[PDB]
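There is one chain below, alone, in structure tokens, taken in the form deposited in one PDB entry.
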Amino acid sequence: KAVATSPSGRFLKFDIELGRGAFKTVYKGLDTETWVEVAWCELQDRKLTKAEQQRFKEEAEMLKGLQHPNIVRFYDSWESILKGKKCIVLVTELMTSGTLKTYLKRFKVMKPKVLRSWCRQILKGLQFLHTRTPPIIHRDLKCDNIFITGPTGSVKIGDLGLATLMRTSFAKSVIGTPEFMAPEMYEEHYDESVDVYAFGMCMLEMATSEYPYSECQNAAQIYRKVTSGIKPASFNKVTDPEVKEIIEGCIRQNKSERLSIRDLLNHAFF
């Protein structure tokens, strides 16, 4: 049976590892109110500074009050202080139907009706985030972080609890994916147009089934291309001219000339 219980007593932890990476370990959890499996994520405190743990504690207090049909649910989070553990626990919605990357690695061409429906649902999720008070930036948008839901084949972007943990020094240097970062995202301050940039790289990955900036071998080569206006090589492999036009407007180096979520949703293609 269960080996741990959330402080609220709602979620139970089972000693069943569902996944493990360089950053977190995911265990099988159980929601005692709805009787569905959840993701019991654990992050060791040695990978987070004291300031990052404190900042996440305050951000998570408001993120667990956010829900959207196109966003993976972030349920709860707390600090597990015990001998041999000393970690931060995150309880999120358990996605088992794979990601967009999972099915882009197995199929060559995506139907234009499917690319239109999925990109629109992603834009709807970002629109809901950017229009909150205060605005919320996802900061971790990529096809490897967009999950399929069983019914109707809807898509959900990764939960905000794990997405905000990608800002930490450990995540940016160990599990970072700089090929989805806007040129101004490398700086100390940026805004919500960063999500528009990452969305353009997501559509580029759907339209080509190829990883953006795959010709580069290190993050330094990716930084020099992006900060010099050099588009990735797979950008020219887009067959649809209208799709290629939307992608360019999302990955423009100058964020003032870059498209907005409003312009994308009002575009004739979406």
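One rule holds for the numbers: they count along the sequence shown, beginning at 1. Each form is matched to the other, and the largest set of C-alpha atoms that superpose within 1.5 Å is called the rigid core.
One more form of this protein should be noted, the form deposited with a small molecule bound, which is absent from this view; the next part is about it.
- Although the partner is absent from the chain shown here, none of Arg55, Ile137 and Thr168 has a heavy atom within 4.5 Å of the small molecule in the bound PDB entry.
- The small molecule is not shown here, but in the bound PDB entry it comes within 4.5 Å of a heavy atom of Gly21.
- At a distance threshold of 4.5 angstroms between non-hydrogen atoms, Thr92 is in contact with the small molecule in the bound PDB entry.
- At the 4.5 Å threshold, heavy atoms of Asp144 reach the small molecule in the bound PDB entry.
- In the bound PDB entry, none of the heavy atoms of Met203 sits within 4.5 Å of a heavy atom of the small molecule.
- Proximity to the small molecule in the bound PDB entry, defined as a heavy atom within 4.5 Å, holds among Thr177, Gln121, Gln127, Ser80 only for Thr177.
- Checked against the small molecule in the bound PDB entry, the residues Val26, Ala60, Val238, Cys216 give one hit for a heavy atom within 4.5 Å, which is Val26.
- Annotated contact segment (heavy atom within 4.5 Å of the small molecule in the bound PDB entry): 144 to 152, selected among 144 to 152, 188 to 196, 129 to 137, 104 to 112.
- Comparing the two forms between the shown form and the other one on the rigid core, the single residue of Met166, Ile148, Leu94, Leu104 with a CA shift of 2 Å or greater is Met166.
- The two forms, fitted on the rigid core, differ between the shown form and the other one by less than 2 Å at the CA of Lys244.
- A movement of the C-alpha atom of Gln54 reaching 2 angstroms or beyond is seen between the shown form and the other one when the two forms are aligned on their rigid core.
- A movement of the C-alpha atom of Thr25 reaching 2 angstroms or beyond is seen between the shown form and the other one when the two forms are aligned on their rigid core.
- Relative to what is shown, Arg167 and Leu141 are farther apart in the bound PDB entry; their C-alpha atoms differ in spacing by at least 3 Å.
- Annotation for the pair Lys172/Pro178: C-alpha atoms recede from each other in the bound PDB entry, by 3 Å or more compared with this form.
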